[PDB]
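1. So I've got this experimental structure, pasted below with the sequence.
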Amino acid sequence: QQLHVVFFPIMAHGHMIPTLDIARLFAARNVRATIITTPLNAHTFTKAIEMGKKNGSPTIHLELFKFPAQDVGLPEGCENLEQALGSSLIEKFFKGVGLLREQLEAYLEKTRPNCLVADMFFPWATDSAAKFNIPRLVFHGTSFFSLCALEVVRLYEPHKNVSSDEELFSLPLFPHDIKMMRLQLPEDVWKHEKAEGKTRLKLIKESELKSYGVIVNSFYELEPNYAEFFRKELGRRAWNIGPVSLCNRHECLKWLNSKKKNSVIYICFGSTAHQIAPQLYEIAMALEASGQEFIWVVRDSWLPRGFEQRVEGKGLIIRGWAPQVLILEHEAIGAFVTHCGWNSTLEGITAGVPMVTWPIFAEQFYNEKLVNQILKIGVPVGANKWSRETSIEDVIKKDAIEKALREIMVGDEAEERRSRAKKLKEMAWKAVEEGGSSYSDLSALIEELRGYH
Amino acid sequence: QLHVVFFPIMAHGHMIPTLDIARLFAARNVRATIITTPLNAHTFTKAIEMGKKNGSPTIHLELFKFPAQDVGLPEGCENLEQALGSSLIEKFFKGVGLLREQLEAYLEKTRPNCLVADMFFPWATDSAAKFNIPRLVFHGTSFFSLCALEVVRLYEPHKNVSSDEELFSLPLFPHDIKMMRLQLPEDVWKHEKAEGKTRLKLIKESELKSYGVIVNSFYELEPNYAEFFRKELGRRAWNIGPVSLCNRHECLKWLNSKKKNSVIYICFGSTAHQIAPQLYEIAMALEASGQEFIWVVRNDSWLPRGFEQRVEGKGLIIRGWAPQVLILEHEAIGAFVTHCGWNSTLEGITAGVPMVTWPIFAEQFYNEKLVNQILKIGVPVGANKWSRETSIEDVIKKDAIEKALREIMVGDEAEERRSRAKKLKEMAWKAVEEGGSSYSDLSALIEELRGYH
Ligand SMILES: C1COCCOCCOCCOCCO1
Ligand SMILES: [Br-]
Ligand SMILES: [Br-]
Ligand SMILES: [Br-]
Ligand SMILES: [Br-]
Ligand code: NA
């Protein structure tokens, strides 16, 4: 019999691409994979499918749902979490995605697949799959570490037993001592309690225990203690099947070919954040002052006066799309500046590149602790304020940036970080090849889905 | 009017407490329906009509056909008490699992606000969910047992021993509690049988998958395990017991002639299966001990000759029904010999009578640890072998029994056990009266069921 798994990601680029990669890993084991998307997001999937769909390359099916943008008052064409800018739109966007339930229940009634893999943001997907005795898996797109850290913070609230914004508290139970401050947690949890965000997080975490289990885009060997903590202490059924990006395995490259090994800083934040002019200026002055050679990807009043001229040949600025994977895997790259989103952290680990960690929002401050204090392949830029809005007060200055750029390239422990990063790269590829922890966990998941009655 | 359906397994120890819970719901103006089978209906009918006429609200019964023939049981075998021997218990569980069709049909028809389903129906969660009905789990046991089973299942302390009698501590517990493999069921520790191990797995997983757990305990009795169950093991729970207390001749006249705390009550229940060689050893122990006793035996090769004559002053035997509650509450009773089933333990705590603990099966060896090592209101008879079958080889001898009867009446700690038992009695009645922990928790549960959306 052929097994059928439906994939239901939230319309955000950082959930969608890893969800596609999971679909491909299932397809490559002779499982029918269907992804549910919306019409204004379909182009993203259909590009990657035709790109990936060469010789071999088993078939990935698409099902399109109508997103009720107008029904909840979203400006028409807002079908993506990236377009929900401001306090106002994010709350309408979630009421938006919650009204996809009717369509999901209809599609599952009709197709009766063997399993639903639904985004963390659809906690109600468990109840929906259950109506047809279909097992539902949760996919978050983050580290075991973050999944554990959020859950012990939610349950033990260690931040209610401090008095000031900067007072450090330990994460309880953890097999490593991890200190955070309130500034690093979202302002709803600690300052002015908003029921909406707090309920939303409650139902997401409760869904990890309510559902059949969790798919995790990590490998056992990367964070063995949190892969265990998540399953034992916090009692989740889980599989680690990542890094899922390794499934299907330029002008700046020619530039890089001319340079010494481990000599270039790559800076790329992604389309996650909006980079404001004053922040870009301070980054520009830091790069010049540091002396380090650099490739800087930006998504002209914000460049210092002589900048383009004075860095000609020690520095490259790219506007828009860079071939990120190829640039990170190049021998010339010695470091990677990032916001510590899990997709970006994984591409650093996989390329074996140490990281300057610039956490902004979501789970990024926990990812920064994994990278800097446990894996020890990174250096903090000094950003410590959780925020989905970008205020002038939170702009990180030249001196802080410059200190991190120097430390990640020519600091005492720079070479050590580089070696630790090279080990994790070798472990990552080994996990996903036959006999690997992540290959095996995927085999065990599929077997268990076959046997489910 | 709010409507709650109660779906207990056909075992006298689940059924009676389930009726008492239904009465507590009725007394707060909730429509209570209990699902039973036709050969079990008489048990509920008796307790209803005896308790009713007193004006107390009506409890409805719904009968399901038990598929005895479909799974190869006798047509007369509608009760876990008739499934005697290795073979029949397995058919009995296949039996009760085929009640799903009828439960789904009845819930579709009647649309109640909540399903309270026995621990043994883990599938009842998905069945209730099909009609967006919350499902509560009811076990009939202590917080201690619920915690102990779950810590033993997850942290497997028994893999690290080498012999059947080697003591291991229960992990994470705030008490040091030492058990041996002999005290655990033979499937979990010796020859791993998928059936009993899968069944236990799905029961424990249902505590987290369902809306929450009703617990027939009071907070004050085991405050540490009431907390551990909710926090460490992350269950939503209400403690509403002892549910026994909601409601509230020849042997009494006999007892009136005796000293305070001078009589041992022995009653295993009419549940219990006592073989003749076991009863003989109990008889010789009672004589040799010199202690006064009332001994209730289930409805004569097992009595020594002239037994009834030689004990005419000191000792009374009752065949069949005894007014158990009235006998245990009488001033003359100084001890209670019982099997450490939670219903029995609760009638000891509630009468304020210390116990000789005779664990046989289910959760009883964990209950025995609570009573002897944490509440310290009991003395073990020295049964340490978990078994659903009663073999002549495992019979507990006169010498062991006689030692426990002496120990519970005139041993070192006898008076202290008596005092500790009297404190727990006072706390038990306080818990279920208005303002009590158990009255409150029931009010909060009902409120939360009203507000369910
Ligand atoms: C099962 C799952 O319980 C989830 C809550 O966990 C909160 C803290 O863990 C403490 C360790 O308990 C062990 C088993 O845990
Ligand atoms: Br680790
Ligand atoms: Br850090
Ligand atoms: Br306790
Ligand atoms: Br004991
Ligand atoms: Na736990």
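-> Perfect, I can see it now. Numbering: from 1, shown residues only, chains lettered A, B, ... in the order given. Ligands and ions are numbered 1, 2, ... in the order given.

2. Only C-alpha atoms from now on, for both contacts and neighbour counts.
-> Fine.

3. Would you check how far apart residue A:346 and residue A:332 are?
-> If you measure residue A:346 against residue A:332 using CA to CA, to the nearest Å, the figure is 19 Å.

4. Contacts only, for residue A:159.
-> When contacts are counted by CA atoms under 8 Å, 6 or more residues apart in numbering or on different chains, residue A:159 is found next to A:169, A:181-182, A:190.

5. let me redo that: residue A:20
-> Residue A:20 sits next to A:35, A:45 when contact means CA under 8 Å, 6+ apart.

6. a helix runs through it, doesn't it?
-> Yes - when classified by DSSP: H, G, I helix; E, B strand; the rest coil, residue A:20 is found to be part of a helix.

7. Off-centre distance for stretch A:154-170?
-> The offset between the C-alpha centroid of stretch A:154-170 and the centroid of the whole chain comes to 25 Å, using CA atoms, centre = their mean, to the nearest Å.

8. List the buried residues of stretch A:66-76.
-> Taking 16 or more other CA atoms under 10 Å in any protein chain shown as the neighbour-count basis, stretch A:66-76 is seen to contain the buried residues A:67-69, A:72, A:74.

9. Tell me the gap between that stretch and the middle of its chain.
-> Centroid separation for stretch A:66-76 versus its chain: 26 Å, with CA atoms, centre = their mean.

10. How about residues contacting it?
-> Counting contacts by CA under 8 Å, 6+ apart, the residues outside stretch A:66-76 that touch it are A:38-39, A:77-79, A:89, A:92-93, A:95-97, A:99-100.

11. now swap in stretch A:194-207 and tell me
-> When contacts are taken as CA under 8 Å, 6+ apart, the neighbours of stretch A:194-207 outside the stretch itself are A:120-123, A:126, A:138, A:151, A:188-189.

12. For the residues you listed, give me CSV that also has secondary structure, neighbour count and distance to residue A:411.
-> What follows is the contacts of stretch A:194-207, written out as CSV (DSSP: H, G, I helix; E, B strand; the rest coil; neighbours: other CA atoms under 10 Å in any protein chain shown; distance: CA to CA, whole Å):
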residue, secondary structure, neighbour count, distance to residue A:411
A:120, coil, 24, 39
A:121, coil, 21, 41
A:122, coil, 22, 44
A:123, coil, 24, 45
A:126, helix, 22, 49
A:138, strand, 30, 41
A:151, helix, 18, 35
A:188, helix, 13, 38
A:189, helix, 18, 37
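
13. Need those residues in a markdown table (columns: distance to residue B:267).
-> Putting these into a markdown table (distance: CA to CA, whole Å) gives the following:
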| residue | distance to residue B:267 |
| --- | --- |
| A:120 | 53 |
| A:121 | 55 |
| A:122 | 54 |
| A:123 | 50 |
| A:126 | 47 |
| A:138 | 51 |
| A:151 | 48 |
| A:188 | 58 |
| A:189 | 55 |
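
14. and which of those residues is nearest ligand 1?
-> residue A:151 (8.2 Å; CA to the nearest ligand atom).

15. residues contacting that closest one?
-> With CA under 8 Å, 6+ apart as the criterion, the residues that contact residue A:151 are residue A:205.

16. With respect to ligand 2, which of the buried residues of stretch A:66-76 is nearest?
-> Of all the buried residues of stretch A:66-76, the one with the least separation from ligand 2 (CA to the ion) is residue A:67, at 39.9 Å.

17. how close does the closest one get to ligand 4?
-> 52 Å (CA to the ion, to the nearest Å).

18. Give the helix, strand or coil label for that residue.
-> With three-state DSSP as the basis, the three-state label of residue A:67 is coil.

19. any idea how far chain B is from it?
-> When distances are taken as CA to the nearest CA, to the nearest Å, residue A:67 and chain B turn out to be 24 Å apart.
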